[PDB]
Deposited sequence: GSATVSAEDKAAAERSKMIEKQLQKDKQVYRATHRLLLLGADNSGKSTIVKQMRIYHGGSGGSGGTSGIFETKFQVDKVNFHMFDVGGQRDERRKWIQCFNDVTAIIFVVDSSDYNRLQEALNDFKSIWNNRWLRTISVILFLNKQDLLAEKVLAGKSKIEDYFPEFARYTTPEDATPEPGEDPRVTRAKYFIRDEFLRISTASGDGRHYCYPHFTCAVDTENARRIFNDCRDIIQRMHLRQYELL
């Protein structure tokens, strides 16, 4: 080793120190992959929480809850026919799937997309946080009554409100039945294959809803808790 090689070695050592300093931050933050239909209010949630940074493409949104940093990634302006870039997101903490519950025309397409995402090979162990966005629009539409879910889904007639369901006191019971019917439609695919490897967390949120960050933080806490239970030989 000569003088120049020694100087190069010290340069590499400084680079390694900076690398460790960056590793601290990298392990400190959890990466969340945001997906949803083009009309499924995902950009609305992103804007309500924080301000995104484009650069069609990647949309980055870093938000901090309880001194824990989360990094939401919205992949927009792309054809979602295979989502073959999903192999990049095989290590995200959670997949935030936002679905508009007030569009029964595209509700079946959203259900099929959720089935594809859940049963995806690369997202076998990645938990999904399900945000049933635009609850106010759904309530208004089912209150109007001119649109029937029965003609779109024939199992609504034989569907009843679950006893587990917790509705708002000032909320119409038909609204509760519609909400929980859609949530059970999603949870059917969630429970068809995802027994122990990963879980789907459903949430009812609207455009004006502001506690989405707290829900994401709690769901990520549960996900990491189960991950540590499996990792630390407790499961």
When the deposited sequence is counted from residue 1, which ranges lack any model? 1-4, 60-66
